[PDB]
Amino acid sequence: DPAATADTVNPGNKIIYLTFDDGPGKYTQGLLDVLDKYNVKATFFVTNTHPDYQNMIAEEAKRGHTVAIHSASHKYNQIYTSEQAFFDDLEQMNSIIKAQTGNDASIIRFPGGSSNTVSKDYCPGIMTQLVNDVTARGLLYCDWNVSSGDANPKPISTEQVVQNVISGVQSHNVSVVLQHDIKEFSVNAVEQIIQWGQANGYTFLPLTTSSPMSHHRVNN
Ligand SMILES: [Mg+2]
Ligand SMILES: [Zn+2]
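If you want it as structure tokens, here you go:
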């Protein structure tokens with residue numbers, strides 16, 4: 277029930293929240309350098325899939341970005357077998373974020389989105405329970421309303437990612453863009469996306485606890 281949660285703060289008009297899933301990884305440092313070049317803050321929904329880059333979580337926070345939870349294991353067949361397994365994994369990821377940044381996470385992004393149906397193969401009904409359990413735990417969750425197309429099993433070109441994000445943003449006064457910073461071709465699109473947005477009156481912001489969240493329909 278939306279009635280039970282605090283109002284969010286209107287962020288203004290022509291807003292873009294660039295967000296990045298599945299990292300950190302080998303391309304994250306380069307992405308941080310690009311964001312610094314344009315003085316833009318973003319949001320990272322992190323995993324422990326590539327623990328050789330775990331210190332990038334500390335760097336993301338140090339540089340002013342929002343560090344949020346995606347999943348420690350990012351294994352659907354583990355985290356979606358029970359509420360208990362999901363939160364064991366979520367807590368492991370939060371603990372790494374605390375170790376690295378000094379702070380707990382406040383925001384999460386469910387693997388597959390809150391709208392995913394892959395979780396039906398492991399626990400029917402679990403997403404309906406988890407959106408309520410995450411809320412009861414004082415956590416916020418965010419899906420997205422602009423696809424970059426960078427999740428396709430066959431990669432698209434950097435130029436196609438640029439065009440996908442620029443065209444999707446124009447559909448929304450307030451956009452939450454999904455990219456994955458573990459994909460080199462998609463990271464390499466971010467510079468042109470920022471150039472275009474800044475030249476067209478858009479403001480890039482990081483997600484915070486007072487931001488409006490983007491929520492999909494829950495399908496499981
Ligand atoms: Mg329960
Ligand atoms: Zn993911």
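For the sequence shown, the authors' numbering begins at 277 and goes up steadily by one. Ideal Cβ positions, reconstructed from N, Cα and C, are used throughout, including at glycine.
Check: residue i C-beta below 7 Å from any heavy atom of ligand 2
i: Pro431; result: no
Nonlocal neighbours in the same chain, by C-beta distance under 8 Å from residue i, ignoring five residues either side
i: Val466; result: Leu294, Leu307, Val310, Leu311 and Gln455
i: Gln446; result: none
i: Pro482; result: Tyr293, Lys317, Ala318, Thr319, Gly340, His341 and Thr342
i: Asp457; result: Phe296, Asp297, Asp298, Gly299, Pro300, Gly301, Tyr303, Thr304, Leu307, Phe320 and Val463
Closer than 7 Å: residue i CB and nearest ligand 1 heavy atom
i: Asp365; result: no
i: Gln405; result: yes
i: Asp409; result: yes
i: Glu336; result: no
i: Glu359; result: yes
Rounded distance between the beta-carbons of residue j and residue i, thought under 8 Å
i: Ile333; j: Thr377; result: 6 Å
i: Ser347; j: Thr323; result: 5 Å
i: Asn496; j: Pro400; result: 7 Å
i: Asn421; j: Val452; result: 6 Å
Buried/exposed call for residue i, threshold 16 Cβ in 10 Å
i: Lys459; result: buried
i: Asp283; result: exposed
i: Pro429; result: exposed
i: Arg385; result: buried
Neighbourhood of residue i by C-beta distance below 7 Å, restricted to the same chain and skipping five residues each side
i: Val494; result: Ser390, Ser391, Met403, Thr404 and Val407
i: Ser423; result: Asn440, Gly444 and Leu454
Contact set for residue i: own chain, Cβ-Cβ below 6 Å, skip 5 residues either direction
i: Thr484; result: none
i: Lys290; result: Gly477 and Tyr478
In chain order, what are the residues with a CB under 6 Å from some non-hydrogen atom of ligand 2? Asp297, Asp298, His346, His350 and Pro387
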